[PDB]
Each structure stands twice: as C-alpha cells, then as structure tokens.
$ cat start35.txt   # compact mmCIF, C-alpha atoms and all ligand atoms
# COMPACT_ATOMS: atom_id res chain seq x y z
CA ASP Z 2 -31.92 6.35 30.85
CA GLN Z 3 -30.04 9.42 29.63
CA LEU Z 4 -26.82 7.45 30.09
CA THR Z 5 -26.29 4.39 27.94
CA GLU Z 6 -25.86 0.95 29.50
CA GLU Z 7 -22.21 0.96 28.37
CA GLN Z 8 -21.72 4.31 30.12
CA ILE Z 9 -23.14 3.16 33.44
CA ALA Z 10 -21.06 -0.01 33.34
CA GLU Z 11 -17.93 2.07 32.51
CA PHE Z 12 -18.50 4.57 35.31
CA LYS Z 13 -19.13 1.74 37.76
CA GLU Z 14 -15.67 0.43 36.80
CA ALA Z 15 -14.19 3.88 37.49
CA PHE Z 16 -16.01 4.01 40.82
CA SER Z 17 -14.44 0.70 41.85
CA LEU Z 18 -10.97 2.14 41.14
CA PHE Z 19 -11.62 4.29 44.24
CA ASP Z 20 -13.88 1.84 46.13
CA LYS Z 21 -11.08 -0.69 46.42
CA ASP Z 22 -12.79 -2.61 49.24
CA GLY Z 23 -15.99 -2.94 47.18
CA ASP Z 24 -18.34 -1.92 50.00
CA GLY Z 25 -20.20 0.51 47.73
CA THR Z 26 -18.84 3.79 49.14
CA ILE Z 27 -15.78 5.97 48.62
CA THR Z 28 -14.16 7.27 51.86
CA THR Z 29 -11.61 10.06 52.33
CA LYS Z 30 -9.02 7.33 52.93
CA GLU Z 31 -9.87 5.67 49.62
CA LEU Z 32 -9.92 9.02 47.80
CA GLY Z 33 -6.56 9.95 49.29
CA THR Z 34 -5.04 6.59 48.33
CA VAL Z 35 -5.92 7.07 44.66
CA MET Z 36 -4.84 10.70 44.62
CA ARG Z 37 -1.40 9.87 46.04
CA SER Z 38 -0.99 7.03 43.54
CA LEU Z 39 -1.38 9.69 40.83
CA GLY Z 40 1.34 11.84 42.42
CA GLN Z 41 -0.82 14.30 44.39
CA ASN Z 42 -0.71 15.08 48.13
CA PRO Z 43 -4.13 16.32 49.30
CA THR Z 44 -4.64 17.27 52.92
CA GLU Z 45 -7.30 15.56 54.99
CA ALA Z 46 -9.32 18.78 54.87
CA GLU Z 47 -9.01 18.93 51.08
CA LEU Z 48 -10.21 15.32 50.85
CA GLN Z 49 -13.22 16.36 52.96
CA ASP Z 50 -14.03 19.29 50.65
CA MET Z 51 -13.87 16.97 47.62
CA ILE Z 52 -16.39 14.59 49.18
CA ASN Z 53 -18.51 17.50 50.43
CA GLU Z 54 -18.82 18.84 46.87
CA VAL Z 55 -20.98 15.82 45.95
CA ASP Z 56 -22.11 14.34 49.28
CA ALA Z 57 -25.89 14.53 48.88
CA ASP Z 58 -26.98 12.64 52.00
CA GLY Z 59 -24.28 14.07 54.27
CA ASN Z 60 -22.85 10.74 55.45
CA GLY Z 61 -19.29 11.75 54.62
CA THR Z 62 -18.79 9.21 51.79
CA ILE Z 63 -19.51 9.02 48.04
CA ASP Z 64 -21.89 6.35 46.70
CA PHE Z 65 -22.30 5.59 43.01
CA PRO Z 66 -25.12 8.06 42.23
CA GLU Z 67 -23.09 10.74 44.00
CA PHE Z 68 -20.03 9.67 42.01
CA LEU Z 69 -21.89 10.45 38.78
CA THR Z 70 -22.11 14.09 39.98
CA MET Z 71 -18.31 14.17 39.86
CA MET Z 72 -18.41 12.45 36.46
CA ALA Z 73 -20.92 14.98 35.12
CA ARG Z 74 -18.98 17.96 36.50
CA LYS Z 75 -15.77 16.37 35.16
CA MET Z 76 -16.66 17.19 31.55
CA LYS Z 77 -20.06 18.21 30.19
CA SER Z 81 -27.53 19.61 26.40
CA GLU Z 82 -30.35 22.07 27.10
CA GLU Z 83 -33.27 19.94 25.89
CA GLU Z 84 -32.69 17.38 28.63
CA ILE Z 85 -32.84 20.27 31.12
CA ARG Z 86 -36.22 21.57 29.94
CA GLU Z 87 -37.55 18.00 29.99
CA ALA Z 88 -36.24 17.40 33.51
CA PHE Z 89 -37.67 20.73 34.71
CA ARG Z 90 -41.14 19.57 33.69
CA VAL Z 91 -40.80 16.47 35.89
CA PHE Z 92 -40.23 18.76 38.88
CA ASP Z 93 -42.83 21.43 37.95
CA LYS Z 94 -45.83 19.16 37.93
CA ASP Z 95 -48.61 21.79 37.80
CA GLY Z 96 -46.93 23.52 34.83
CA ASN Z 97 -46.75 27.04 36.25
CA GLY Z 98 -43.01 27.35 35.56
CA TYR Z 99 -42.05 27.28 39.28
CA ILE Z 100 -40.89 24.37 41.41
CA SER Z 101 -42.50 24.55 44.85
CA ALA Z 102 -41.34 22.88 48.02
CA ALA Z 103 -44.28 20.47 47.67
CA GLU Z 104 -43.24 19.60 44.09
CA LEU Z 105 -39.64 19.00 45.20
CA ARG Z 106 -40.89 16.74 48.00
CA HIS Z 107 -42.95 14.84 45.43
CA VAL Z 108 -39.85 14.23 43.26
CA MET Z 109 -37.94 13.01 46.29
CA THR Z 110 -40.79 10.69 47.31
CA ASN Z 111 -41.11 9.20 43.80
CA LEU Z 112 -37.36 8.51 43.89
CA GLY Z 113 -37.49 6.86 47.32
CA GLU Z 114 -35.30 9.63 48.75
CA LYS Z 115 -35.84 10.15 52.46
CA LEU Z 116 -36.74 13.77 53.11
CA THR Z 117 -36.90 16.40 55.83
CA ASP Z 118 -38.34 19.91 55.72
CA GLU Z 119 -34.93 21.30 56.70
CA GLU Z 120 -33.23 19.74 53.66
CA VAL Z 121 -36.00 20.69 51.23
CA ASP Z 122 -36.24 24.26 52.51
CA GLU Z 123 -32.47 24.57 52.18
CA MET Z 124 -32.57 23.29 48.60
CA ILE Z 125 -35.23 25.79 47.57
CA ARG Z 126 -33.45 28.62 49.39
CA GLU Z 127 -30.10 27.98 47.70
CA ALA Z 128 -31.62 27.81 44.20
CA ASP Z 129 -34.04 30.72 44.71
CA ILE Z 130 -32.08 33.58 43.19
CA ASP Z 131 -34.99 36.00 42.82
CA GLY Z 132 -36.33 35.44 46.35
CA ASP Z 133 -39.85 34.42 45.37
CA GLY Z 134 -39.78 31.18 47.41
CA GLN Z 135 -39.77 28.88 44.37
CA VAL Z 136 -37.39 27.72 41.63
CA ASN Z 137 -38.07 28.89 38.08
CA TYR Z 138 -36.37 27.53 34.96
CA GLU Z 139 -33.32 29.80 34.87
CA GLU Z 140 -32.74 29.12 38.59
CA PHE Z 141 -33.01 25.40 37.76
CA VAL Z 142 -30.39 25.64 34.98
CA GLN Z 143 -27.86 27.35 37.27
CA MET Z 144 -28.28 24.58 39.83
CA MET Z 145 -27.90 21.65 37.43
CA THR Z 146 -25.05 23.13 35.39
CA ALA Z 147 -23.14 24.22 38.53
CA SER R 601 -27.53 20.77 55.41
CA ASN R 602 -25.54 23.57 53.76
CA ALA R 603 -25.24 25.35 50.42
CA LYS R 604 -22.69 22.83 49.12
CA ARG R 605 -24.97 20.03 50.32
CA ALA R 606 -27.99 21.62 48.62
CA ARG R 607 -26.32 21.89 45.22
CA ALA R 608 -25.03 18.32 45.49
CA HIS R 609 -28.54 17.14 46.28
CA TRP R 610 -30.17 18.95 43.34
CA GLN R 611 -27.64 17.40 40.99
CA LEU R 612 -28.21 13.92 42.46
CA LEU R 613 -31.96 14.33 41.86
CA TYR R 614 -31.18 15.39 38.31
CA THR R 615 -29.17 12.21 37.71
CA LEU R 616 -31.88 10.06 39.23
CA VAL R 617 -34.70 11.74 37.26
CA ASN R 618 -32.76 11.19 34.00
CA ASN R 619 -31.67 7.62 34.86
CA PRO R 620 -34.51 5.66 36.50
CA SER R 621 -32.41 2.48 36.54
CA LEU R 622 -30.17 4.02 39.23
CA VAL R 623 -32.99 4.32 41.81
CA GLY R 624 -33.11 1.72 44.58
CA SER R 625 -30.87 -1.21 45.39
CA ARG R 626 -30.10 -2.05 41.75
CA CA D 701 -15.09 1.74 50.04
CA CA D 702 -22.97 10.19 50.51
CA CA D 703 -45.12 24.37 39.91
CA CA D 704 -37.21 31.91 42.47
$ encode --input "start35.txt" --output "structure tokens"
Amino acid sequence: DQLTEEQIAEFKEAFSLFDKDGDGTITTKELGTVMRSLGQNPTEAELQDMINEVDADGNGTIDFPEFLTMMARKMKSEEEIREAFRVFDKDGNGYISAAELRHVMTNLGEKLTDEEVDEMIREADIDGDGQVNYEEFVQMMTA
Amino acid sequence: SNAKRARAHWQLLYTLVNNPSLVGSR
C-alpha cells in the first residue's frame, strides 16, 4: 500500500463521521448533516455536485474508496505516478489503450462497460490520438 | 457517464492500484 495502515484506519474514522448510520455509504443527507453542523448551508444541488465530484460508479453515494478521492484532493509525488502509469501501460509503448484500461479494471474486480471505458479514454485524451500517454495520465490523477 | 464521472473513476483506479488492500469486500 501507498497509504500506511495508520492512515487507512484514520481515514476510515473520518469516513464514519459522515456515514453516521454505518451502512458503508455517504448520502447527500449525511453530507448535508455534517456540513450544517460545521455552520454551512449547502443547497441540495450543491450536495449533489460534491458527491458527483467523486462518485465513480454513479450510484449517487460515496463509498470509502471514493472518499479517499476527496481525501487526496483535500491536500496533496511524481515517482508514484510513473510507477502507476506502468501498471496501466502493460505493453510499454507509453500509451494506455482501451484494452489496457479494461485489463486494469478487470484485475481490480471493477465491473466495466464499453461506454464507461470509452468515456474515460476520451476525457483523458488531450491530443486526440485515442490513447492516454503519460502527461495525459498526470493531468487526470492530479486533477 | 460524464466528464466528472470519468475523472472520478480514473482517480479511484489510481487509489486502488496504489493500495491493493482496498480492493474487494475487505
Ligand atoms: Ca450512510
Ligand atoms: Ca459511489
Ligand atoms: Ca500501451
Ligand atoms: Ca492521447
């Protein structure tokens, strides 16, 4: 793990500050409850945007791996990025193909559809070549 | 899926690639 055991335990404790019913997910109602206890007043639409920033499976709620995306974007490492790029780019040509992205998703037990993979490549593919090179990969991970 | 959803999904895969212990039920 890149994160230490103490870190994962800590961030799980933070997650349960929002997941007050302990069902493993953070809802817009739970997010709103914490935000108003800290003196804010988000709208229901603004709660939806906050979840949509990190909702990776599109089910409208934040699970713990999604929550770590908020934790990483909260406060921020370029050797881990090179190393991770190589996991994606398995034939070593410096480009992540749709097939290589599907392979990462399969090895991680992530369910996949062509629509979602094609969208992921499209959004990262700044130069329009149909694949994701290293600099396109950096912009995606660090933003 | 949308452009916000795409970026969220890339970053989730990054977390999972770097932290194998987070894959699966446990
Ligand atoms: Ca909950
Ligand atoms: Ca989710
Ligand atoms: Ca490749
Ligand atoms: Ca490209």
$ residues_near_ligand --input "start35.txt" --ligand "ligand CA 704 (chain D)" --cutoff "7 Å" --atoms "only C-alpha atoms and all ligand atoms" --output "count of residues only"
10
$ interface_residues --input "start35.txt" --of "chain Z" --to "chain R" --cutoff "7 Å" --atoms "all atoms listed in the file" --output "number ranges by chain"
Z: 2-4, 53-57, 66-67, 70, 88, 112, 120, 123-124, 127, 144-145
$ closest_residue --input "start35.txt" --among "Z:76, Z:39, Z:48, Z:102" --to "ligand CA 703 (chain D)" --atoms "only C-alpha atoms and all ligand atoms"
Z:102
$ residues_near_ligand --input "start35.txt" --ligand "ligand CA 702 (chain D)" --cutoff "7 Å" --atoms "all atoms listed in the file" --output "PyMOL selection string"
chain Z and resi 56-64+67
$ residues_near_ligand --input "start35.txt" --ligand "ligand CA 701 (chain D)" --cutoff "9 Å" --atoms "all atoms listed in the file" --output "list in words"
residues 17, 19, 20, 21, 22, 23, 24, 25, 26, 27, 28, 30, 31, 62, 63 and 64 of chain Z
$ write_last_selection --input "start35.txt" --atoms "C-alpha atoms" --output "short mmCIF file (atom, residue, chain, number, x, y, z; two decimals), keeping the file's coordinate frame"
data_model
loop_
_atom_site.label_atom_id
_atom_site.label_comp_id
_atom_site.auth_asym_id
_atom_site.auth_seq_id
_atom_site.Cartn_x
_atom_site.Cartn_y
_atom_site.Cartn_z
CA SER Z 17 -14.44 0.70 41.85
CA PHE Z 19 -11.62 4.29 44.24
CA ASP Z 20 -13.88 1.84 46.13
CA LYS Z 21 -11.08 -0.69 46.42
CA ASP Z 22 -12.79 -2.61 49.24
CA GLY Z 23 -15.99 -2.94 47.18
CA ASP Z 24 -18.34 -1.92 50.00
CA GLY Z 25 -20.20 0.51 47.73
CA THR Z 26 -18.84 3.79 49.14
CA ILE Z 27 -15.78 5.97 48.62
CA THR Z 28 -14.16 7.27 51.86
CA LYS Z 30 -9.02 7.33 52.93
CA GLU Z 31 -9.87 5.67 49.62
CA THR Z 62 -18.79 9.21 51.79
CA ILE Z 63 -19.51 9.02 48.04
CA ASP Z 64 -21.89 6.35 46.70
#
$ atom_distance --input "start35.txt" --atom1 "atom CA of residue 37 of chain Z" --atom2 "atom CA of residue 49 of chain Z"
15.2 Å
$ closest_atom_pairs --input "start35.txt" --of "chain Z" --to "ligand CA 703 (chain D)" --cutoff "8 Å" --atoms "all atoms listed in the file" --output "JSON lines"
{"residue": "Z:92", "atom": "CA", "partner": "D:CA703", "partner_atom": "CA", "distance": 7.5}
{"residue": "Z:93", "atom": "CA", "partner": "D:CA703", "partner_atom": "CA", "distance": 4.2}
{"residue": "Z:94", "atom": "CA", "partner": "D:CA703", "partner_atom": "CA", "distance": 5.6}
{"residue": "Z:95", "atom": "CA", "partner": "D:CA703", "partner_atom": "CA", "distance": 4.8}
{"residue": "Z:96", "atom": "CA", "partner": "D:CA703", "partner_atom": "CA", "distance": 5.5}
{"residue": "Z:97", "atom": "CA", "partner": "D:CA703", "partner_atom": "CA", "distance": 4.8}
{"residue": "Z:98", "atom": "CA", "partner": "D:CA703", "partner_atom": "CA", "distance": 5.7}
{"residue": "Z:99", "atom": "CA", "partner": "D:CA703", "partner_atom": "CA", "distance": 4.3}
{"residue": "Z:100", "atom": "CA", "partner": "D:CA703", "partner_atom": "CA", "distance": 4.5}
{"residue": "Z:101", "atom": "CA", "partner": "D:CA703", "partner_atom": "CA", "distance": 5.6}
{"residue": "Z:104", "atom": "CA", "partner": "D:CA703", "partner_atom": "CA", "distance": 6.6}
$ atom_distance --input "start35.txt" --atom1 "atom CA of residue 122 of chain Z" --atom2 "atom CA of residue 109 of chain Z"
13.0 Å
$ atom_distance --input "start35.txt" --atom1 "atom CA of residue 106 of chain Z" --atom2 "atom CA of residue 121 of chain Z"
7.1 Å
$ axis_aligned_box --input "start35.txt" --around "segment 131-140 of chain Z" --padding-each-side "6 Å" --output "AutoDock Vina command-line options"
--center_x -36.3 --center_y 31.8 --center_z 41.1 --size_x 19.1 --size_y 20.5 --size_z 24.5
